[PDB]
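**Q** Quick one, work_16.txt (compact mmCIF, C-alpha atoms):
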# COMPACT_ATOMS: atom_id res chain seq x y z
CA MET A 1 62.06 -34.16 109.30
CA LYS A 2 60.40 -30.75 109.57
CA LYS A 3 58.45 -30.36 106.32
CA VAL A 4 56.19 -27.56 105.09
CA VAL A 5 53.10 -29.78 105.22
CA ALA A 6 50.99 -26.63 104.98
CA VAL A 7 50.85 -22.90 105.71
CA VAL A 8 48.27 -20.41 106.97
CA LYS A 9 47.21 -17.50 104.76
CA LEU A 10 45.64 -14.39 106.29
CA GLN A 11 45.57 -10.61 105.83
CA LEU A 12 45.30 -7.84 108.42
CA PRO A 13 45.94 -4.08 108.70
CA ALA A 14 49.12 -2.69 110.27
CA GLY A 15 48.74 -2.09 113.99
CA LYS A 16 45.73 -4.22 114.91
CA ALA A 17 47.21 -7.09 116.92
CA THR A 18 44.39 -8.52 119.03
CA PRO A 19 44.03 -11.42 121.50
CA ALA A 20 41.44 -12.92 119.16
CA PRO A 21 43.32 -13.26 115.85
CA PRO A 22 42.08 -15.20 112.79
CA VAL A 23 44.56 -17.93 113.70
CA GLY A 24 44.16 -17.81 117.46
CA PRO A 25 42.24 -21.10 117.76
CA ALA A 26 44.30 -22.37 114.83
CA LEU A 27 47.64 -21.74 116.54
CA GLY A 28 46.87 -22.94 120.05
CA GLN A 29 47.56 -26.44 118.75
CA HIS A 30 51.13 -25.41 117.94
CA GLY A 31 52.50 -22.67 120.18
CA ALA A 32 49.62 -22.43 122.65
CA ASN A 33 50.54 -18.78 123.16
CA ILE A 34 48.07 -16.07 122.12
CA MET A 35 49.60 -13.00 123.76
CA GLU A 36 53.05 -14.25 122.75
CA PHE A 37 51.71 -14.43 119.20
CA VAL A 38 49.96 -11.05 119.20
CA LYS A 39 52.69 -8.92 120.79
CA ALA A 40 54.87 -10.07 117.89
CA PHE A 41 52.44 -8.45 115.46
CA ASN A 42 51.55 -5.13 117.10
CA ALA A 43 55.28 -4.37 116.90
CA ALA A 44 55.73 -5.84 113.42
CA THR A 45 52.73 -4.82 111.32
CA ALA A 46 52.05 -1.53 113.09
CA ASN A 47 55.65 -0.63 112.27
CA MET A 48 54.79 0.51 108.74
CA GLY A 49 52.29 3.31 108.26
CA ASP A 50 48.68 2.32 107.62
CA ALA A 51 48.72 -0.65 105.25
CA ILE A 52 47.79 -4.32 104.89
CA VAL A 53 50.49 -6.88 105.70
CA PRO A 54 49.38 -10.52 105.32
CA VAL A 55 51.49 -13.09 107.17
CA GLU A 56 52.16 -16.71 106.20
CA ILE A 57 52.81 -18.67 109.39
CA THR A 58 54.38 -21.78 107.86
CA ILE A 59 53.21 -24.86 109.76
CA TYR A 60 55.89 -27.55 109.62
CA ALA A 61 55.13 -31.25 110.04
CA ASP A 62 54.79 -31.02 113.83
CA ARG A 63 57.91 -29.40 115.28
CA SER A 64 57.76 -25.62 114.86
CA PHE A 65 56.38 -22.81 112.70
CA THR A 66 57.53 -19.65 110.91
CA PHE A 67 56.25 -16.11 110.38
CA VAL A 68 57.14 -13.02 108.35
CA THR A 69 55.62 -9.60 107.70
CA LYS A 70 55.40 -8.34 104.12
CA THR A 71 56.45 -4.71 103.68
CA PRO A 72 54.07 -2.16 102.11
CA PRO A 73 53.98 -1.22 98.40
CA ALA A 74 56.28 1.36 96.81
CA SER A 75 53.26 3.66 96.47
CA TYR A 76 53.46 4.23 100.22
CA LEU A 77 56.70 6.08 99.48
CA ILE A 78 55.49 7.87 96.35
CA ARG A 79 53.08 9.91 98.46
CA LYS A 80 56.20 11.39 100.05
CA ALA A 81 57.26 13.27 96.92
CA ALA A 82 53.94 14.99 96.22
CA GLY A 83 52.73 15.04 99.81
CA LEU A 84 49.42 13.19 99.83
CA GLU A 85 49.78 10.94 102.88
CA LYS A 86 51.40 11.84 106.20
CA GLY A 87 54.75 13.46 105.47
CA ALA A 88 57.17 16.15 106.62
CA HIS A 89 60.59 17.69 105.99
CA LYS A 90 60.16 18.63 102.33
CA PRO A 91 62.11 20.94 99.98
CA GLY A 92 59.03 23.00 99.15
CA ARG A 93 57.02 25.25 101.44
CA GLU A 94 53.50 23.84 101.66
CA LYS A 95 52.26 22.28 98.42
CA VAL A 96 51.18 18.81 97.29
CA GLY A 97 50.74 17.20 93.89
CA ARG A 98 53.14 16.81 90.97
CA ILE A 99 56.85 16.15 91.48
CA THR A 100 60.16 15.98 89.61
CA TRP A 101 62.44 13.15 88.50
CA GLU A 102 64.51 13.90 91.60
CA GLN A 103 61.80 12.78 94.01
CA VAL A 104 61.11 9.45 92.31
CA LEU A 105 64.82 8.68 92.60
CA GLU A 106 64.85 9.72 96.26
CA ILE A 107 62.69 6.65 96.85
CA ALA A 108 63.99 4.24 94.21
CA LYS A 109 67.35 4.40 95.98
CA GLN A 110 66.17 2.79 99.22
CA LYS A 111 64.01 0.58 97.00
CA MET A 112 67.03 -1.35 95.73
CA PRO A 113 67.12 -4.20 98.28
CA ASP A 114 66.52 -7.03 95.81
CA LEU A 115 66.04 -5.02 92.61
CA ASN A 116 68.59 -6.26 90.08
CA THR A 117 69.67 -2.71 89.25
CA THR A 118 72.52 -0.42 90.30
CA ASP A 119 71.77 2.77 88.37
CA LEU A 120 69.15 4.99 90.00
CA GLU A 121 67.73 5.83 86.57
CA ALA A 122 67.61 2.13 85.69
CA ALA A 123 65.58 1.42 88.83
CA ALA A 124 63.36 4.49 88.54
CA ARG A 125 62.28 3.73 84.97
CA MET A 126 59.63 1.50 86.54
CA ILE A 127 58.89 3.86 89.43
CA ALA A 128 58.01 6.58 86.93
CA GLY A 129 55.13 4.54 85.54
CA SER A 130 53.84 3.40 88.93
CA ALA A 131 52.45 6.48 90.67
CA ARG A 132 50.94 7.34 87.28
CA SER A 133 48.28 4.77 88.19
CA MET A 134 47.29 6.69 91.32
CA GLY A 135 46.89 10.14 89.80
CA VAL A 136 50.21 11.97 89.65
CA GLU A 137 51.93 13.79 86.79
CA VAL A 138 55.49 12.60 86.21
CA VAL A 139 57.89 15.40 85.28
CA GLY A 140 61.64 15.68 84.80
CA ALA A 141 62.05 12.52 82.75
CA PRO A 142 63.26 13.74 79.33
CA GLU A 143 64.59 11.60 76.47
CA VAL A 144 66.76 9.15 78.40
CA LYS A 145 69.97 7.68 76.98
CA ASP A 146 70.88 4.04 76.37
CA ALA A 147 74.36 3.36 74.98
Rewrite the structure of this file - the entire thing - as structure tokens.
**A**
Amino acid sequence: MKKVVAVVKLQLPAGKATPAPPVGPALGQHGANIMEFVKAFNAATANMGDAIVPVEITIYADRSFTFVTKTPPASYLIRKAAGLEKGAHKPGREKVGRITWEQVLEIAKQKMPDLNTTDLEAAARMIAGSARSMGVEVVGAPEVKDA
């Protein structure tokens, strides 16, 4: 049958896989493999860049289970433009804070995996009002054009 009778919900920081996870004693009754369940996290979550990535190990009826790591927020990429978080290889010399409409697009592009948008400007329209919540000044977005 294999049915999603239930699923585990937990949250942990990237790169913190330990032998004593929050589901350790709650997974031994399924896989019975701790190390084999941790090594799959230290190389999954850690592979991001300082951020929380909660996993949802789906527990089927009594056959097998699933697992997936949720990627970080778009903000993690916004810091690239200005230069707040760890970053390198920039167009400027050595300054951080405030960017242009070119930077926002530099990220929106790769951020078009599921986004139902083809135009970079059509997918950045939302990215321009995102970082604004953190504390950045959007510039380079004049009176757009729509038909």
**Q** Might you pull out every residue within 9 Å of stretch 96-104 of chain A, with all atoms listed in the file counted and same-chain residues fewer than 2 positions away left off, and present them as a list in words?
**A** residues 78, 79, 80, 81, 82, 83, 84, 94, 106, 107, 108, 109, 124, 127, 128, 136, 137, 138, 139, 140 and 141 of chain A
**Q** If we count only C-alpha atoms, what is near residue A:40 at a cut-off of 12 Å, once residues fewer than 6 positions away on the same chain are taken out, given as number ranges by chain?
**A** A: 15-19, 33-34, 46-47, 55, 67-69
**Q** For atom CA of residue A:61 and atom CA of residue A:3, quote the distance in Å rounded to one decimal.
**A** 5.1 Å
**Q** Pick out the closest residue to residue A:70 from this set: A:87, A:54, A:31, A:24. Count all atoms listed in the file.
**A**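 Looking at the shortest contact to residue A:70, the residue is A:54.
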**Q** Name the residues in contact with residue A:76 at a cut-off of 10 Å, using only C-alpha atoms, excluding same-chain residues fewer than 3 positions from it; report them as a list in words.
**A**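 Contacts, in chain order: residues 48, 49, 50, 51, 72, 73, 79, 80, 84, 85, 86 and 131 of chain A.
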**Q** Using all atoms listed in the file, which residue out of A:121, A:56, A:62, A:146 lies closest to residue A:30?
**A**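 With all atoms listed in the file as the atom set, the closest residue is A:62.
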**Q** What is the atom CA of residue A:57-atom CA of residue A:12 distance in Å, reported with one decimal?
**A** 13.2 Å
**Q** What is the atom CA of residue A:129-atom CA of residue A:88 distance in Å, reported with one decimal?
**A** 24.2 Å
**Q** Would you please work out which residue, of A:26, A:105, A:89, A:21, is nearest to residue A:39 when using all atoms listed in the file?
**A**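 For residue A:39, the nearest of the candidates is A:21.
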**Q** Given only C-alpha atoms as the basis, pick out the residue of A:38, A:77, A:144, A:7 nearest to residue A:20.
**A**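 Among the listed residues, A:38 lies closest to residue A:20.
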**Q** Can you work out which one of A:66, A:116, A:110, A:75 has the shortest atom-to-atom distance to residue A:132, counting only C-alpha atoms?
**A**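 Of the candidates, the smallest distance to residue A:132 is held by A:75.
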**Q** Point out the residue among A:112, A:123, A:134, A:10 with the least atom-to-atom distance to residue A:53, counting all atoms listed in the file.
**A**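 That would be A:10, the residue with the smallest distance to residue A:53.
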